Every structure is written in C-alpha cells, then in structure tokens.
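Participant: One structure, as structure tokens, below. Some questions next.
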Amino acid sequence: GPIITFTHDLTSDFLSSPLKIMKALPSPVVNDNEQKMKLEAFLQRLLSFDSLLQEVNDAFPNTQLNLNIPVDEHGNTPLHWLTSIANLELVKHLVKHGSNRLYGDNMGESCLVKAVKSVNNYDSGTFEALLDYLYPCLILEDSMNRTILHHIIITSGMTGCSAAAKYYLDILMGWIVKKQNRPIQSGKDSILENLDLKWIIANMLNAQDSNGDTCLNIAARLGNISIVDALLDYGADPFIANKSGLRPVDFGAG
Amino acid sequence: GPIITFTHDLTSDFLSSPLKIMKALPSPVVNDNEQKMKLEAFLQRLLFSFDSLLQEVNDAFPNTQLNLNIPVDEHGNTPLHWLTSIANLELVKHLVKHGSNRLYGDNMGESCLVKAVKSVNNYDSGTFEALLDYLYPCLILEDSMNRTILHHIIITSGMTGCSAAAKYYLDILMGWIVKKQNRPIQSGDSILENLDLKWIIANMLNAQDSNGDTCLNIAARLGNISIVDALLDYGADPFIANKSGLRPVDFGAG
C-alpha cells in the first residue's frame, strides 16, 4: 500500500541537510493559556474527527487549535497519549492536523518511544502500521542519547515472551527494506529517501548513549541471547566499550 | 551445595500450618513518594560491590531511607521482579539477603519467580536452577487468576521461540524438588521442609486456575505436543475438566 505522508513538521534543516541523528525537540512551552484551554476542550470531546474539529473551532473562534502543547506532568503531547494506547486512526488525524512528531516528552522521548514502551497495547501488525506515520522519530535521540534501537532492546530484553516488543527490531528493519518499493501519497521527504539499511548501520546500530552503551552492550547484559545474536547479525560491533570500559565481547557476545 | 535460607518475609501463620497454596501478597501501596524516587535511583545504578552502591545511594539520598519493597513501575513490579526477569542472579541474591520480600505479587498478582518463567532469560543464562535456591518460597504462590508457576511455564511454552525455555523450566523445577531432599540447609524452613515431590503432585501439578484449567488443559489447547507429553509423564491428570466441561483428553492429550 501507499504511505500517507505529511510535511508540516518535516522541514527547516531536519529534511534537507545530510540526514543524521537529532535530539527530539524540547517540550513546547506555549504561554497562551487560551490555546491550552481550547485543546483541553478538544481532547475531552474525543473521550467524526472533521466534525468534532469544526465544532471546537467554532466554539473557540479566537485562538487556533494547537495540538503541540504538553498535556500532563510527564510532558506528553496529545500525540504521545494516542500513541501509547495504539489508536492508529486518531494518530493519523492528529498528525494530519498539526501534531509535530518530533517532540520529546520530559525525558526527550518521542511518541514512537512511547509506542515501544507500551507493550500491553501493541501488536506486531499494529506496530508496523504505526511506522508509516511515525517514521520521522526513527532519527530522534532522547535526553540520554538513546535511540529507538536502545529502547527496543531495553524493552524487549526486560519484557517476556508474551510481549510484542520481541518482534519490533525485525519489523523495523523489514519496514525499511519494504518502503524502498512503496509510493507516497499526501493526506519523498529526506527521511523516507535516505533512511536505508546502510544508514542504520552507520548512524544507529552502533550509536552510544550517555553511558557509552551501544544497544548491543545493553543486550549483552540483559541475558536474552536471541537479542544479542539478532544485533550481531545486522552487524553490531561487539568491541565498542562503554564508559566503564566494558564491551559486548566481555559478556561472551561475539 | 547447601541452600542458604532467609525468613524476613516468611513470618505469616499460613506458612506454619500444613503447607498450602497462597495468594501472592498484594502490591504494596507505598505512601512515601520520596522513598520511591530513591529506590528508583538505586535501581538504575544497579542496571547501569553491592555494599558500596548501597552507601553511595544513601549519601545521594541522606534524606530518605532505602526501602526495597516498593513498586517501581506501572505494573507493580518490585526491584526483585525486574532483576529476576533479567536473570541477574547475583543481584537477586543480594536483594533477598537485604530484605526484599519475595512474596509480593505485581498488579496481576504475579510473583518475581513468575517473571523467571515468562522470559527466556533464565534459560539462556542457565541460572534457573540456582535461582530456585533463593526463590522457592514463590513456588507456593498463585496469582489473581489462581495460576501457579506451572500454569505460567505452560503459557510461555506457547509463545514463539519460548518452547525450549518452558521445557527447561519444567524439568529443572521437578528435578530441583527431588534433589533438594539430600541438601544441607544453612541460614545465611517450614516451607522448604514441606515442599517435596508429593506436595507438588498433590498441590500444583493438577491445580486448577480461575477458568478451572490445569496447566495440562492449557497445554492441550496450545497443541505443542512436546510439553503435553512431559506433563503426562509426570502424572498430570488428563480427565480434570475446566468450567467448560472441557478436559485435556478432548484435545487428544491422554
């Protein structure tokens, strides 16, 4: 199928310069308490979209709807909320109507990270479909310089056999290969165009977080052999040591 | 080798009377929010000398006392659940020796030992048998679904790539029960003493959960013949029906 693309948040230098890992945008700090009021109203309305939208825009005609404002104490935006509950329909609507996918919460974690972490609400099939809309987050780094691979490895290594997270790594790499042969359609940008397996190997597979840990180093300590082997297969380097001078081969990986 | 025992968490009276299955203790509703923040801190320092780390965290938090029996996440996981799920045997032993209550269930009433059988970590790491020396008290616990450790092993056997681990867990558990009979016990037990082969057969092997299913009945429905035969060979009764009149023999098991 075609990939429903959006461009309202893919611009500036995050969609032209040679694609690289970037920090998630700081949680928005919108002063106008009126915009926070109109949105609070809109969210309650949820619990068709175009109809509910036309309503709140006529009820609060003075200020425009701003979905890009933190809605709880963790810095979650409306998009983080909807993503954590696996509501793909609403996620696509919010993104369609302004939700900036590059925003991190208090910890600089994107909504895709929130998806990865909410192992109770996602399916293997559901996660892959989510990528069509949140692929821009694949290049985001959080407050601990952790990438989406660090989180997938952390979550899968610490969760069980009944959690869908055990499949996210292979699904993500599969999605990258598959979108190479897919057409786009409004609802290719620099990410869909340059993010390939070559790019993953050079910028993500061996990236190091605040502790110098590559996701392979973390996997080597969690004790799930299949995760370690998967990473080695894709090409993870077992000799990159962290800040404690420990490497993956120190744990028998490689 | 000898079984090093602890009783800080084994004071209850039901533990004195004839040994019987018990519900895991309810997830503690910790009040002191700062104790949690401290525990959360100490926990991250472990994941990323046990005694040094102990004095180290007490200094950073000279204001609050360290309490190891506080849920650390949304699901009611205590530090023991996290560390056991990851097969970190060494840290589990240190936490037990330092007061961690092994009887606490998570929000589902799942004990820390249950985490050991819901992930492949303890099989891959070959720490399961040694883990039982420190977590055997959990063997008598049932969760909010009246599911025992055996129900969970079987549930896991059905998950892709976890068939080997569950077979391993089941056999190690049975062997452990029969081999401990010839093992010295030094305090580093009413349960340890009353926990033997006939107790397992009479109280766990054919125990029924809330649906009235025995682990054998859950296994017959999964279709995985490997663990069905192992259970039958241990004497699992294929005629015990659930709350649907369904019995394992109805699925061709036994």
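Labels used: A, B, ... for chains in the order of the structure tokens, numbers from 1 for residues in each chain, and numbers from 1 for ligands as shown.
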Skipping near chain neighbours, those fewer than 5 positions away, what residues fall within 7 Å of stretch 82-92 of chain A using only C-alpha atoms, listed as a PyMOL selection string?

Facilitator: chain A and resi 111+114-115+118+121-122+130+133

Participant: Per DSSP on the backbone, what are the strand (DSSP E or B) residues of stretch 139-254 of chain B, as a count of residues only?

Facilitator: 5

Participant: Any chance you could tabulate, as CSV, the residues of chain A at most 7 Å from chain B with each one's nearest atom pair and distance in Å to one decimal, using only C-alpha atoms, in chain and rising number order?

Facilitator:
residue,atom,partner,partner_atom,distance
A:158,CA,B:86,CA,5.9
A:159,CA,B:119,CA,6.9
A:160,CA,B:119,CA,4.2
A:161,CA,B:119,CA,5.3
A:162,CA,B:159,CA,6.4
A:222,CA,B:86,CA,5.5
A:223,CA,B:121,CA,5.3
A:224,CA,B:121,CA,4.9
A:225,CA,B:124,CA,6.2

Participant: Mind dumping the selected residues with C-alpha atoms as an mmCIF file, in the first residue's frame?

Facilitator:
data_model
loop_
_atom_site.group_PDB
_atom_site.id
_atom_site.type_symbol
_atom_site.label_atom_id
_atom_site.label_comp_id
_atom_site.auth_asym_id
_atom_site.auth_seq_id
_atom_site.Cartn_x
_atom_site.Cartn_y
_atom_site.Cartn_z
ATOM 1 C CA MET A 158 13.294 -6.820 30.091
ATOM 2 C CA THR A 159 9.879 -7.997 28.964
ATOM 3 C CA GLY A 160 8.710 -11.548 28.410
ATOM 4 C CA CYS A 161 7.667 -13.977 25.715
ATOM 5 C CA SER A 162 4.111 -12.636 25.682
ATOM 6 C CA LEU A 222 20.130 -8.339 29.837
ATOM 7 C CA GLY A 223 20.722 -12.027 29.117
ATOM 8 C CA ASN A 224 18.408 -12.747 26.148
ATOM 9 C CA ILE A 225 20.753 -14.485 23.666
#

Participant: Identify, on the basis of only C-alpha atoms, every residue whose closest approach to residue B:211 does not exceed 10 Å; exclude the query and any residue fewer than 2 positions from it along the same chain; express the result as a ChimeraX atom specification.

Facilitator: /B:145-147,208-209,213-214,241-244

Participant: Give the answer as one residue: which of B:36, B:20, B:152, B:102 has the shortest atom-to-atom distance to residue B:6, using only C-alpha atoms?

Facilitator: B:102

Participant: Calculate how many Å separate atom CA of residue B:210 from atom CA of residue B:197, rounding to one decimal.

Facilitator: 24.1 Å

Participant: If you measure from atom CA of residue A:26 to atom CA of residue A:104, what distance in Å do you get, rounded to one decimal?

Facilitator: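 Atom-to-atom, atom CA of residue A:26 to atom CA of residue A:104, that is 6.0 Å.
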